[PDB]
Amino acid sequence: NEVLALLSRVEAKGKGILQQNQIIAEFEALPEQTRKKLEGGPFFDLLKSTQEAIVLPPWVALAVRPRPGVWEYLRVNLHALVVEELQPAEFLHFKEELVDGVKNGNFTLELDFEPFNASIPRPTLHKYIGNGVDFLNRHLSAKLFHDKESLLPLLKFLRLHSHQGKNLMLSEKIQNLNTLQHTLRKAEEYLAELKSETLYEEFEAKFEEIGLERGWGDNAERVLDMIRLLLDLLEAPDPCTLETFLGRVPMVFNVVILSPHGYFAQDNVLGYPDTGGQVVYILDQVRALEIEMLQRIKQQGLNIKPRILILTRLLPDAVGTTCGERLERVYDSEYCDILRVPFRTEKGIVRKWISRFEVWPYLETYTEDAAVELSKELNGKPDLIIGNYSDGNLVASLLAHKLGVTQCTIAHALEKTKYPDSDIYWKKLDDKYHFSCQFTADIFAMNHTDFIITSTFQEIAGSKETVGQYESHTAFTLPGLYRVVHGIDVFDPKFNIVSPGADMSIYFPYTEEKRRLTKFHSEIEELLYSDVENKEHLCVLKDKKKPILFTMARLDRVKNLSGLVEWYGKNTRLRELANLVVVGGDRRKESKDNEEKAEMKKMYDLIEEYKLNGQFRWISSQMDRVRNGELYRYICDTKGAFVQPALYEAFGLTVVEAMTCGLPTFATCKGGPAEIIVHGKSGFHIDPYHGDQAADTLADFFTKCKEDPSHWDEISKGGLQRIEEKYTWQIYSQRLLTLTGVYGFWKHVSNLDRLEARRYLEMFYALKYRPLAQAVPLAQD
Amino acid sequence: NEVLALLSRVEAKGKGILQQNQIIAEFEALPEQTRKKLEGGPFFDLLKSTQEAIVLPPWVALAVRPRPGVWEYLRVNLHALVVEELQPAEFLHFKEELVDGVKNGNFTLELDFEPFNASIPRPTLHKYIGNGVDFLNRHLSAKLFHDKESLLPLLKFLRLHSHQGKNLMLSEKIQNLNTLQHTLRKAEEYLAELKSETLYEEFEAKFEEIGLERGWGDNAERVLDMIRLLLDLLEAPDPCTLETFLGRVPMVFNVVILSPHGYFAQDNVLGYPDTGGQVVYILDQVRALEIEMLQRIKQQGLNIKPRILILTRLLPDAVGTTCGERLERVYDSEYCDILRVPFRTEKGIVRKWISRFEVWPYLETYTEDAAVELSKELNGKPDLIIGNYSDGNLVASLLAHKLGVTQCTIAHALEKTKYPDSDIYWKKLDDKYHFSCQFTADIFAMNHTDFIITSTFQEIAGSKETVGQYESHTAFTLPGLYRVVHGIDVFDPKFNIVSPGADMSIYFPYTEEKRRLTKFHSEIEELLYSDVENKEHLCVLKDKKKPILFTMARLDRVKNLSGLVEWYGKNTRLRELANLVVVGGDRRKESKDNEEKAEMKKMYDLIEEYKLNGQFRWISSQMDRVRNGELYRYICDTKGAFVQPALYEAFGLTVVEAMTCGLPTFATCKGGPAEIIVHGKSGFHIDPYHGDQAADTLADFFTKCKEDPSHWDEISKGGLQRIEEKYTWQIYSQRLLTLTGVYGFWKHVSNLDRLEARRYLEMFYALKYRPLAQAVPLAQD
Amino acid sequence: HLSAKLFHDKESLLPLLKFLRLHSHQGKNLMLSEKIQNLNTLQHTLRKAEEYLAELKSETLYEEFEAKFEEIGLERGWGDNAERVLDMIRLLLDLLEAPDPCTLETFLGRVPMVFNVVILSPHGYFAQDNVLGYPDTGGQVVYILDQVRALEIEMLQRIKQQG
Ligand SMILES: O=c1ccn([C@@H]2O[C@H](COP(=O)(O)OP(=O)(O)O)[C@@H](O)[C@H]2O)c(=O)[nH]1
Ligand SMILES: O=c1ccn([C@@H]2O[C@H](COP(=O)(O)OP(=O)(O)O)[C@@H](O)[C@H]2O)c(=O)[nH]1
Ligand SMILES: O=c1ccn([C@@H]2O[C@H](COP(=O)(O)OP(=O)(O)O)[C@@H](O)[C@H]2O)c(=O)[nH]1
Ligand SMILES: OC[C@H]1OC=C(O)[C@@H](O)[C@@H]1O
Ligand SMILES: OC[C@H]1OC=C(O)[C@@H](O)[C@@H]1O
Ligand SMILES: [K+]
Ligand SMILES: [K+]
Ligand SMILES: [K+]
């Protein structure tokens with residue numbers, strides 16, 4: 001039936017040459033179509049699952065996403081009955097024509113990682129997405145089952161394994177699978193007799209003779225399960241055994257964590273440009289991690305002192321902060337230190353703060369210096385290196401290569417999703433955002449790392465209707481630069497979802513009075529309710545008795561706080577039900593940041609346009625997490641809500657913070673918060689793209705709550721439970737240390753195939769990144 | 001020898017910080033040493049296998065070459081007993097350090113092709129160097145043996161195989177090994193009944209029913225052997241069967257040869273800058289190749305008209321030549337044409353000749369234009385593409401990539417060997433030679449091609465004492481640009497030695513009188529013996545009865561004609577015995593080539609310095625091979641000899657020409673002629689680095705010949721038999737076409753592993769070659 | 001099939017090494033000595049041997065180089081003279097590198113192996129005269145008599161040629 005499909009198509013052309021999201025997609029076409037739709041049926045789905053249509057005049061190219069991870073591309077005539085199948089490169093061809101006027105030059109670069117990944121097969125099942133360590137365990141387990149050449153790497157691994165001059169596991173005496181099999185069995189028999197609680201020092205003497213070094217356990221009971229696991233791996237390997245053994249072998253002692261950009265510190269930084277949850281995340285991470293490391297070290301019978309170093313930039317001139325000092329102890333830990341190294345050039349060190357978009361030229365030299373410094377602090381090399389965001393992941397990759405260390409990366413966000421069509425439009429965006437440098441770093445670190453941690457499933461594969469953050473890096477193009485035909489694969493065994501949490505000492509339910517910090521209420525009240533207008537707070541709240549609609553964030557475009565302010569301003573119904581309180585930007589000082597500056601001006605104007613004085617209180621960055629905990633609980637007291645109107649949010653720690661304090665939450669459905677909140681149960685989703693519907697949705701909530709206050713309680717409890725179930729730090733660290741064990745081993749087994757990819761990546765860095773980065777204009781002191 | 005060994009190192013530090021070459025790095029050290037040698041002990045063996053030694057402060061680094069293609073690097077302490085093994089990358093550090101003062105940036109490019117080549121096992125045997133098709137034959141032979149997933153590709157090959165819309169071998173009626181097996185047997189039974197001479201047309205009707213298309217053979221007999229061959233590969237594959245069948249399948253019809261630089265023509269060219277044996281080789285090659293292709297096509301029962309196209313630059317302003325016409329029939333062929341295409345920029349075409357060292361920025365646009373043109377000429381696409389030298393290989397690679405055609409490359413020379421230390425010292429050489437472009441292209445094509453042809457073993461692996469031309473490319477560095485850790489491997493199965501020849505109608509023994517061309521004797525005598533001095537010839541021969549010491553060649557630095565002149569000028573013994581005649585340079589015109597100009601100035605000076613008038617005749621470029629043949633023969637008449645005093649010579653076609661006419665030849669021991677000539681038997685070696693001995697050797701030969709004239713005749717016969725045995729064109733074409741058969745099929749089997757290497761090279765071209773080439777300044781018309 | 005199984009499989013070559021390693025007759029060792037425990041050493045030894053031999057005149061008798069070979073792990077049975085010892089060592093190198101059916105057959109054919117042969121023909125009246133035509137006594141007896149004569153000649157020929 002061609003009279004119909006041509007209906008939609010002729011409507012497609014009516015739009016003119018440009019990109020169209022499924023946002024528009026059928027919006028303009030199928031629903032916006034005349035009642036003649038009468039479709040359902042075939043070709044409705046094909047269009048329903050269409051992620052984007054690139055429309056140029058004769059043709060429209062369609063990218064179709066049947067399942068997460070599965071993609072087919074199609075060209076169909078604007079006027080015709082014809083439908084042809086595009087190869088990914090060919091569809092990327094369409095995009096390039098839409099922008100440059102021409103497809104990229106014949107011999108212009110195609111990035112393809114697919115042929116480099118043929119080492120392990122790949123899962124086709126939705127269940128292994130973000131689950132890759134499970135798949136890997138099952139592959140290793142099989143590859144290991146009665147293969148002498150397969151088991152050897154394990155023996156060599158345990159044989160060479162050591163820390164700070166001291167030998168661990170097997171000694172040099174065990175040279176072959178037989179001797180090992182024999183020693184284990186002999187050792188098993190000896191211990192099987194002894195009392196469970198016998199300390200390793202008793203049988204230490206005996207073990208050393210037969211070739212066993214320390215780290216099997218603190219006492220005989222533990223050592224026995226350990227030695228039995230290994231006998232089991234040499235006999236009949238299965239995944240649970242494998243994972244347990246590898247996760248248990250003490251490995252991680254010295255950890256190195258990379259976060260170069262922003263002002264990274266424990267006080268008076270939160271909410272400055274570039275300074276946000278990534279800092280909050282890491283500080284929570286190290287503490288949870290140190291606790292777990294000590295625990296492990298002890299259990300395996302070791303006295304080793306751990307060290308965790310967070311490498312960031314030293315900022316000499318940032319005053320009111322500790323950013324200018326080389327070494328800083330992380331609060332509430334023995335072994336975690338922030339290590340700070342300066343950016344520098346041939347001219348000497350660079351003093352001023354630099355935006356995260358501008359740091360690229362300094363990253364390589366930073367890697368060199370960082371290597372020297374961490375090497376002065378550590379005893380022995382790093383056992384694990386974790387990259388964070390783009391610059392951190394970049395540096396993390398170089399260091400891991402340099403030092404021969406298991407690497408992990410964490411994106412914390414991927415700009416390509418936050419700035420829609422920033423890939424295809426990169427050129428016009430480059431003087432400002434330098435996304436050519438950044439998308440290069442990302443693609444690079446993504447493939448270079450050993451394993452990857454994400455905060456949610458959606459960060460990888462998205463949902464049924466919409467594409468994930470990484471998934472969107474599978475096929476893209478930067479016209480005039482290069483074309484990524486397969487840049488990453490959602491099914492990659494290196495992806496692991498491990499969810500973060502909020503420090504439970506800082507954020508707890510507002511209902512526990514014993515724990516409420518009331519010593520903060522005077523300050524909070526001045527902050528919320530005072531009549532003073534200054535750099536700390538703008539306008540004033542007329543009625544202190546209303547519920548408060550609250551948000552807190554860095555102030556930039558994507559965070560879209562000026563959007564919220566507008567939605568709020570237009571809607572009389574909502575302004576009547578609730579006061580709007582927004583924490584963002586720091587007005588105490590001169591903003592050096594582009595987006596922030598821009599956003600500040602919009603805020604001012606909105607205040608005048610919608611005459612917001614008396615309903616609205618605009619607060620400066622709140623840098624003390626302890627008082628913030630209380631602030632959230634205070635919002636609860638007023639029976640209000642948290643709202644997060646980001647155009648895109650990669651994860652959203654404040655969403656978790658609010659829910660954890662019992663504050664009912666309305667969060668953007670674009671990005672992580674879609675997975676975090678279960679609509680109508682643990683909170684509500686709103687669409688930043690329809691803000692008036694958002695404001696009405698909030699007005700609705702507050703109206704119901706007024707009629708039936710128990711409505712409020714439902715959501716509050718809903719959120720509280722959701723957090724308890726999904727996001728908390730206890731499991732995280734154990735999960736991470738286990739992945740490091742398994743991926744660490746897999747490194748040596750898979751070492752020979754990754755050799756080509758290693759060289760390919762080295763060249764990409766050298767001949768693509770470096771030149772791009774050197775083109776970025778230097779900061780001038 | 002804690003005493004003795006320390007002692008050599010002693011002298012070593014003497015020469016200071018510098019390059020240590022075997023001659024220097026031994027001849028000085030050990031022979032300028034004392035009787036303290038007593039060196040028939042072990043340390044001398046590793047000592048004399050040292051190819052070069054990097055002299056620095058207290059360390060000296062040694063590259064050691066026990067056997068051809070086997071290298072180990074190490075560092076010894078200048079004053080110390082300690083010697084520590086070095087990785088290839090580390091050895092190359094030293095060189096980088098000795099020049100720039102620092103190593104290359106830690107993260108700057110390191111090329112390693114090793115991991116990309118693992119597809120096949122590699123021969124460790126000297127015997128397989130240059131023999132790789134024999135090796136690939138045994139790999140495929142084995143991979144093929146009772147493996148179904150293995151045999152399918154061969155069936156897909158034969159089924160898909162067609163030319164110009166005409167099906168060949170198997171039709172679509174054969175979908176699987178079972179039916180193929182069944183059909184062949186059926187065909188066999190039928191054919192064995194018929195008379196041997198039965199033409200394919202008779203049984204064609206039947207063959208088409210059972211799925212057999214044309215190309216098995218012209219008669220019953222031949223069709224029978226081919227069918228039996230294939231049945232064999234389905235049953236018991238062996239290397240000989242495999243090779244023979246693959247060589248027999250009609251494949252090569254359209255052939256494209258790439259030779260952009262020089263003035264490429266059939267007359268009024270040879271001896272111009274850049275115009276040389278490459279032009280000669282190619283013209284002979286195509287003729288030989290056409291005769292074989294026609295042969296094959298006939299034998300396999302086909303009427304196809306073949307085409308061979310030689311692609312070169314169109315030069316509109318080169319007068320006296322055919323170089324400005326687009327299409328030129330090659331003398332003595334029906335199907336071979338020269339196809340010229342212009343260089344151009346956005347500004348339009350570029351008219352003026354450009355030195356082979358400067359062509360780089362034009363090649364990519366050249367490739368595009370050339371694809372358009374050769375597409376107009378060919379009916380169907382190229383079945384084979386052959387690259388020639390650096391530019392030709394660069395373009396051939398782009399083409400084969402673009403058109404999906406089997407690719408061969410032929411180096412014809414590798415400048416890195418011709419210009420010692422031009423890699424390490426490349427930077428100061430670059431404004432003139434652009435070796436950064438060239439070496440990049442060479443490494444690029446070298447790894448990109450399917451198979452490589454060389455003219456001699458030495459060209460690949462050299463000798464026991466000296467390093468091969470390609471081999472010298474295994475590990476090197478260009479400080480400040482990049483470093484090649486493994487760039488090529490002498491044991492690579494793609495290397496094939498296929499030796500060229502001299503056209504036998506042009507060059508033949510001086511003793512066959514019926515054939516001598518006497519009508520040229522008037523001209524020749526004027527050339528050598530006349531008293532006129534002009535741009536055609538300089539100075540004069542006083543005594544017409546002396547033997548002549550003859551050389552002919554392009555005039556450039558490496559050809560070292562000026563060296564010969566000096567050796568001759570100094571040596572009174574030789575001047576007395578013989579007249580020196582040198583053909584090189586075209587003085588008829590004003591030289592546009594740097595080295596030529598430089599070299600002319602020296603020649604003039606040498607004439608006056610050594611007062612060469614009356615013993616010396618300097619002749620301008622002799623451009624007609626027909627008379628040239630007679631020229632050689634005329635030298636023989638005088639009982640003279642040929643001398644090739646090159647500092648390095650990649651092959652030496654003139655050596656073959658000379659030997660083929662019965663002219664006793666003295667050729668440089670550096671490069672190819674070392675293999676061509678067997679000293680004392682088929683000719684003599686001379687060392688351009690000791691020139692005075694060169695002149696004495698010549699002197700000795702002439703002296704002995706004066707005493708015993710049969711000495712001359714002895715060497716003459718040596719040369720002739722030598723040529724007869726090794727270098728002739730008859731075997732060449734068959735060899736080439738069999739290689740295409742075998743490497744063509746290998747393409748389809750090995751396709752998946754070379755996919756990784758394909759991306760690596762693609763990225764290397766894009767990100768390394770293009771930027772370099774775009775930096776070479778353009779010619780200005 | 002052997003040519004294939006043999007191509008670049010270490011595990012698959014070991015059998016060949018062991019074969020030539022144990023091979024001996026009447027207490028005298030043949031081919032490889034006990035000195036060679038692995039393929040790398042054999043590779044190296046065969047290499048060294050080839051090099052040494054290539055220099056000596058074709059007609060040089062084994063005893064000359066017997067001393068050296070003994071040193072490096074090479075026992076007798078390679079050939080009578082240098083020329084033949086050379087060809088045989090090359091064949092073996094070839095099998096270690098790129099095994100093919102012709103080379104395998106040729107090398108295994110040439111290894112001195114068969115010395116004592118035992119032939120079974122129990123029934124009939126088996127003899128050289130006054131037998132043929134008797135019950136059960138016929139072409140089989142004729143066959144075996146011709147057979148052994150021919151065999152003996154070839155065996156002597158082979159034994160001599162292998163040194
Ligand atoms: O003015 C501010 C702005 C942000 N934050 C904290 O910074 C983190 C922001 O993390 P999130 O993931 O929500 O946003 P991000 O900045 O990382 O994109 C949360 O802990 C906030 O409570 C804060 O304490 N004061
Ligand atoms: O003035 C000259 C110089 C060279 N030749 C021919 O050019 C070829 C030179 O090839 P060769 O391999 O000897 O040196 P190349 O120029 O390739 O380095 C030979 O056929 C020579 O006879 C010639 O005919 N006239
Ligand atoms: O009276 C006889 C009968 C048989 N023969 C020989 O016995 C052999 C018979 O062998 P054959 O293969 O013909 O048949 P077989 O007896 O072995 O079944 C031949 O060499 C005959 O010459 C013979 O010499 N005299
Ligand atoms: O850590 C979570 C946040 O961090 C940093 C970002 O840019 C946000 O989009 C994320 O949600
Ligand atoms: O290959 C033919 C000639 O071409 C180019 C050269 O430099 C010579 O050495 C060769 O012999
Ligand atoms: K150990
Ligand atoms: K076919
Ligand atoms: K033996």
# chains A, B, ... in the order shown; residues from 1 in each chain; ligands from 1
>>> residues_near_ligand(ligand="ligand 3", cutoff="9 Å", atoms="only C-alpha atoms and all ligand atoms", output="list in words")
residues 131, 132, 133, 134, 136, 137, 138, 139, 140, 141, 142 and 143 of chain C
>>> residues_near_ligand(ligand="ligand 6", cutoff="10 Å", atoms="only C-alpha atoms and all ligand atoms", output="PyMOL selection string")
chain A and resi 155-163+166-174+211-215
>>> write_last_selection(atoms="N, CA, C and O atoms", output="mmCIF file, in the first residue's frame")
data_model
loop_
_atom_site.group_PDB
_atom_site.id
_atom_site.type_symbol
_atom_site.label_atom_id
_atom_site.label_comp_id
_atom_site.auth_asym_id
_atom_site.auth_seq_id
_atom_site.Cartn_x
_atom_site.Cartn_y
_atom_site.Cartn_z
ATOM 1 N N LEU A 155 49.038 -20.595 36.606
ATOM 2 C CA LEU A 155 50.195 -20.973 37.406
ATOM 3 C C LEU A 155 51.275 -19.894 37.364
ATOM 4 O O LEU A 155 51.859 -19.525 38.387
ATOM 5 N N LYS A 156 51.540 -19.400 36.160
ATOM 6 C CA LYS A 156 52.523 -18.352 35.967
ATOM 7 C C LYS A 156 52.055 -17.112 36.722
ATOM 8 O O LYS A 156 52.846 -16.427 37.377
ATOM 9 N N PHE A 157 50.757 -16.840 36.640
ATOM 10 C CA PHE A 157 50.189 -15.678 37.307
ATOM 11 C C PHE A 157 50.467 -15.724 38.803
ATOM 12 O O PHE A 157 51.031 -14.791 39.375
ATOM 13 N N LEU A 158 50.066 -16.825 39.425
ATOM 14 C CA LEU A 158 50.245 -17.007 40.855
ATOM 15 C C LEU A 158 51.716 -17.112 41.225
ATOM 16 O O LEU A 158 52.100 -16.785 42.348
ATOM 17 N N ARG A 159 52.533 -17.580 40.285
ATOM 18 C CA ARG A 159 53.949 -17.779 40.558
ATOM 19 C C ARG A 159 54.705 -16.456 40.586
ATOM 20 O O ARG A 159 55.527 -16.224 41.463
ATOM 21 N N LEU A 160 54.428 -15.590 39.620
ATOM 22 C CA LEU A 160 55.088 -14.294 39.563
ATOM 23 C C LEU A 160 54.483 -13.314 40.563
ATOM 24 O O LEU A 160 55.156 -12.402 41.037
ATOM 25 N N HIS A 161 53.213 -13.513 40.896
ATOM 26 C CA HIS A 161 52.512 -12.560 41.739
ATOM 27 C C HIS A 161 53.300 -12.258 43.013
ATOM 28 O O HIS A 161 53.757 -13.161 43.708
ATOM 29 N N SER A 162 53.468 -10.971 43.302
ATOM 30 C CA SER A 162 54.221 -10.526 44.471
ATOM 31 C C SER A 162 53.816 -9.110 44.857
ATOM 32 O O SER A 162 53.167 -8.415 44.077
ATOM 33 N N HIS A 163 54.162 -8.688 46.067
ATOM 34 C CA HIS A 163 54.052 -7.270 46.416
ATOM 35 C C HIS A 163 55.183 -6.753 47.317
ATOM 36 O O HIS A 163 55.496 -7.358 48.346
ATOM 37 N N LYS A 166 57.974 -8.976 48.535
ATOM 38 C CA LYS A 166 57.503 -10.183 49.195
ATOM 39 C C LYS A 166 56.702 -11.049 48.239
ATOM 40 O O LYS A 166 55.877 -10.545 47.478
ATOM 41 N N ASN A 167 56.970 -12.351 48.271
ATOM 42 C CA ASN A 167 56.328 -13.305 47.374
ATOM 43 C C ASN A 167 54.963 -13.739 47.908
ATOM 44 O O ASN A 167 54.783 -13.906 49.115
ATOM 45 N N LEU A 168 54.003 -13.910 47.006
ATOM 46 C CA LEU A 168 52.653 -14.292 47.396
ATOM 47 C C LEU A 168 52.233 -15.587 46.698
ATOM 48 O O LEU A 168 52.761 -15.919 45.643
ATOM 49 N N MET A 169 51.255 -16.296 47.259
ATOM 50 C CA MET A 169 50.745 -17.507 46.610
ATOM 51 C C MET A 169 51.813 -18.585 46.385
ATOM 52 O O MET A 169 52.247 -19.218 47.335
ATOM 53 N N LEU A 170 52.137 -18.881 45.131
ATOM 54 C CA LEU A 170 53.166 -19.872 44.802
ATOM 55 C C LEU A 170 54.585 -19.293 44.764
ATOM 56 O O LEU A 170 54.775 -18.158 44.346
ATOM 57 N N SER A 171 55.575 -20.077 45.190
ATOM 58 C CA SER A 171 56.979 -19.675 45.082
ATOM 59 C C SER A 171 57.604 -20.218 43.803
ATOM 60 O O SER A 171 56.928 -20.855 42.995
ATOM 61 N N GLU A 172 58.901 -19.982 43.628
ATOM 62 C CA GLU A 172 59.596 -20.411 42.411
ATOM 63 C C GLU A 172 59.737 -21.921 42.304
ATOM 64 O O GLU A 172 60.059 -22.446 41.238
ATOM 65 N N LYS A 173 59.492 -22.613 43.412
ATOM 66 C CA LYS A 173 59.603 -24.067 43.443
ATOM 67 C C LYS A 173 58.550 -24.789 42.596
ATOM 68 O O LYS A 173 58.794 -25.909 42.146
ATOM 69 N N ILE A 174 57.392 -24.172 42.358
ATOM 70 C CA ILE A 174 56.385 -24.875 41.573
ATOM 71 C C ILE A 174 56.546 -24.469 40.116
ATOM 72 O O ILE A 174 56.150 -23.372 39.730
ATOM 73 N N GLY A 211 56.589 -24.909 48.805
ATOM 74 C CA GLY A 211 56.448 -23.893 47.778
ATOM 75 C C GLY A 211 55.264 -22.950 47.906
ATOM 76 O O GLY A 211 54.958 -22.206 46.979
ATOM 77 N N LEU A 212 54.597 -22.960 49.050
ATOM 78 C CA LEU A 212 53.474 -22.051 49.248
ATOM 79 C C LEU A 212 53.847 -20.772 50.019
ATOM 80 O O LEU A 212 54.314 -20.814 51.159
ATOM 81 N N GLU A 213 53.634 -19.631 49.380
ATOM 82 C CA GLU A 213 53.825 -18.343 50.027
ATOM 83 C C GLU A 213 52.519 -17.828 50.634
ATOM 84 O O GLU A 213 51.466 -18.442 50.479
ATOM 85 N N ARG A 214 52.584 -16.681 51.300
ATOM 86 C CA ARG A 214 51.422 -16.140 52.013
ATOM 87 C C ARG A 214 50.288 -15.599 51.123
ATOM 88 O O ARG A 214 50.493 -15.330 49.934
ATOM 89 N N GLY A 215 49.099 -15.444 51.714
ATOM 90 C CA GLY A 215 47.953 -14.882 51.011
ATOM 91 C C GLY A 215 46.832 -15.841 50.663
ATOM 92 O O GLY A 215 45.869 -15.479 50.003
#
>>> interface_residues(of="chain C", to="chain B", cutoff="7 Å", atoms="only C-alpha atoms", output="JSON, numbers by chain")
{"C": [4, 97, 98, 100, 101]}
>>> closest_atom_pairs(of="chain B", to="chain A", cutoff="10 Å", atoms="only C-alpha atoms", output="JSON lines")
{"residue": "B:105", "atom": "CA", "partner": "A:766", "partner_atom": "CA", "distance": 9.9}
{"residue": "B:106", "atom": "CA", "partner": "A:368", "partner_atom": "CA", "distance": 8.7}
{"residue": "B:107", "atom": "CA", "partner": "A:766", "partner_atom": "CA", "distance": 6.6}
{"residue": "B:108", "atom": "CA", "partner": "A:766", "partner_atom": "CA", "distance": 5.5}
{"residue": "B:109", "atom": "CA", "partner": "A:766", "partner_atom": "CA", "distance": 5.6}
{"residue": "B:110", "atom": "CA", "partner": "A:763", "partner_atom": "CA", "distance": 7.6}
{"residue": "B:111", "atom": "CA", "partner": "A:759", "partner_atom": "CA", "distance": 7.6}
{"residue": "B:112", "atom": "CA", "partner": "A:759", "partner_atom": "CA", "distance": 7.0}
{"residue": "B:113", "atom": "CA", "partner": "A:756", "partner_atom": "CA", "distance": 8.5}
{"residue": "B:114", "atom": "CA", "partner": "A:756", "partner_atom": "CA", "distance": 8.7}
{"residue": "B:115", "atom": "CA", "partner": "A:756", "partner_atom": "CA", "distance": 5.6}
{"residue": "B:116", "atom": "CA", "partner": "A:756", "partner_atom": "CA", "distance": 6.2}
{"residue": "B:117", "atom": "CA", "partner": "A:756", "partner_atom": "CA", "distance": 9.7}
{"residue": "B:364", "atom": "CA", "partner": "A:107", "partner_atom": "CA", "distance": 8.5}
{"residue": "B:368", "atom": "CA", "partner": "A:106", "partner_atom": "CA", "distance": 9.0}
{"residue": "B:398", "atom": "CA", "partner": "A:107", "partner_atom": "CA", "distance": 8.3}
{"residue": "B:401", "atom": "CA", "partner": "A:107", "partner_atom": "CA", "distance": 9.8}
{"residue": "B:402", "atom": "CA", "partner": "A:106", "partner_atom": "CA", "distance": 8.8}
{"residue": "B:482", "atom": "CA", "partner": "A:766", "partner_atom": "CA", "distance": 9.6}
{"residue": "B:752", "atom": "CA", "partner": "A:115", "partner_atom": "CA", "distance": 7.9}
{"residue": "B:753", "atom": "CA", "partner": "A:115", "partner_atom": "CA", "distance": 8.0}
{"residue": "B:754", "atom": "CA", "partner": "A:115", "partner_atom": "CA", "distance": 9.3}
{"residue": "B:755", "atom": "CA", "partner": "A:115", "partner_atom": "CA", "distance": 6.4}
{"residue": "B:756", "atom": "CA", "partner": "A:115", "partner_atom": "CA", "distance": 5.7}
{"residue": "B:757", "atom": "CA", "partner": "A:756", "partner_atom": "CA", "distance": 8.3}
{"residue": "B:758", "atom": "CA", "partner": "A:115", "partner_atom": "CA", "distance": 9.9}
{"residue": "B:759", "atom": "CA", "partner": "A:112", "partner_atom": "CA", "distance": 7.1}
{"residue": "B:760", "atom": "CA", "partner": "A:760", "partner_atom": "CA", "distance": 5.9}
{"residue": "B:761", "atom": "CA", "partner": "A:760", "partner_atom": "CA", "distance": 9.4}
{"residue": "B:762", "atom": "CA", "partner": "A:109", "partner_atom": "CA", "distance": 7.0}
{"residue": "B:763", "atom": "CA", "partner": "A:109", "partner_atom": "CA", "distance": 6.1}
{"residue": "B:764", "atom": "CA", "partner": "A:763", "partner_atom": "CA", "distance": 7.7}
{"residue": "B:765", "atom": "CA", "partner": "A:107", "partner_atom": "CA", "distance": 8.2}
{"residue": "B:766", "atom": "CA", "partner": "A:109", "partner_atom": "CA", "distance": 6.0}
{"residue": "B:767", "atom": "CA", "partner": "A:767", "partner_atom": "CA", "distance": 5.6}
{"residue": "B:768", "atom": "CA", "partner": "A:767", "partner_atom": "CA", "distance": 6.8}
{"residue": "B:770", "atom": "CA", "partner": "A:107", "partner_atom": "CA", "distance": 9.2}
{"residue": "B:771", "atom": "CA", "partner": "A:767", "partner_atom": "CA", "distance": 9.9}
>>> atom_distance(atom1="CA of residue 620 in chain A", atom2="CA of residue 660 in chain A")
23.0 Å
>>> residues_near_ligand(ligand="ligand 1", cutoff="10 Å", atoms="only C-alpha atoms and all ligand atoms", output="JSON, numbers by chain")
{"A": [267, 268, 269, 270, 271, 272, 273, 274, 275, 276, 277, 278, 279, 280, 281, 412, 413, 502, 503, 551, 552, 553, 554, 555, 556, 558, 559, 582, 583, 584, 585, 586, 619, 620, 621, 622, 623, 624, 625, 626, 627, 628, 629, 632, 644, 646, 648, 649, 650, 651, 652, 653, 654, 655, 656, 657, 658, 672]}
